[PDB]
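Chemist: The structure that follows is given in the form of structure tokens.
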Amino acid sequence: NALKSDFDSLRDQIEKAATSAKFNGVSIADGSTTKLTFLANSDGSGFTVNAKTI
Amino acid sequence: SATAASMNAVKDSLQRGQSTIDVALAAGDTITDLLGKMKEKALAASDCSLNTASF
């Protein structure tokens, strides 16, 4: 039971840590979106960063 | 000499044309500056990672 409680505590810690990794309301670690594209060129071309849900 | 007096009349029309085109050129310079700024704003707004508040 003690080991089970330790496991549960660590899992809840993981969830808390993962859900709070937001900057400006968007994140690449929660799984809310599939990718984020930033500006890469003066003509509108994009730099794509795929989302890595952790 | 009548023709020389007529040329004296022509010079005024040419000067008025100068003034009109100068006004147009000043406005055009301002407009080109504004168009550059508009292009920058439109480029910035095309980013897909922006909030609803920055758009």
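We did not get these values from a lab; they are worked out from the coordinates using the rules stated. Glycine gets a Cβ as well: all are built from the backbone with ideal geometry, and neighbour counts include every protein chain shown.
Residue-by-condition table, conditions (1) surrounded by 11 or more Cβ atoms within 10 Å (Cβ to Cβ); (2) within 14 Å of B:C48 (Cα to Cα); (3) within 10 Å of another protein chain (Cβ to nearest Cβ); (4) aromatic (F, W, Y):
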| residue | (1), (2), (3), (4) |
| --- | --- |
| A:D6 | no, no, no, no |
| A:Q13 | no, no, no, no |
| A:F23 | no, no, no, yes |
| A:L36 | yes, yes, yes, no |
| A:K52 | no, no, no, no |
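Residues are listed down the side, and each one gets a yes or a no for (1) in contact with an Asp or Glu (Cβ under 9 Å, 6 or more places away or on another chain); (2) part of a loop (DSSP other than H, G, I, E, B):
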{"position": "A:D6", "(1), (2)": "no, no"}
{"position": "A:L10", "(1), (2)": "no, no"}
{"position": "A:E15", "(1), (2)": "no, no"}
{"position": "A:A21", "(1), (2)": "yes, yes"}
{"position": "A:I28", "(1), (2)": "no, yes"}
{"position": "A:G31", "(1), (2)": "no, yes"}
{"position": "A:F38", "(1), (2)": "yes, no"}
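Chemist: Quick check: anything in segment B:15-28 surrounded by fewer than 10 Cβ atoms within 10 Å (Cβ to Cβ) and either more than 21 Å from the chain's Cα centre (by Cα) or under 30 Å from A:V49 (Cβ atoms) (or both)?
Modeler: No: segment B:15-28 contains no residue that is surrounded by fewer than 10 Cβ atoms within 10 Å (Cβ to Cβ) and either more than 21 Å from the chain's Cα centre (by Cα) or under 30 Å from A:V49 (Cβ atoms) (or both).
Chemist: Among the residues that make up segment B:39-48, is at least one of them within 30 Å of A:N24 (Cβ to Cβ), surrounded by 10 or more Cβ atoms within 10 Å (Cβ to Cβ) and over 28 Å from the mean Cα position of the chain (by Cα)?
Modeler: The answer is yes; a qualifying residue exists.
Chemist: Restricting attention to segment B:26-38, does a residue exist that is under 30 Å from A:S27 (Cα atoms) and either within 14 Å of another protein chain (Cβ to nearest Cβ) or among the acidic types (D, E) (or both)?
Modeler: No, because not a single residue in segment B:26-38 is under 30 Å from A:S27 (Cα atoms) and either within 14 Å of another protein chain (Cβ to nearest Cβ) or among the acidic types (D, E) (or both).
Chemist: Sticking with this structure for a sec: Checking the conditions here, which among A:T37, A:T48, A:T53 is β-branched (V, I, T) and within 12 Å of the chain's Cα centre (by Cα)?
Modeler: A:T53
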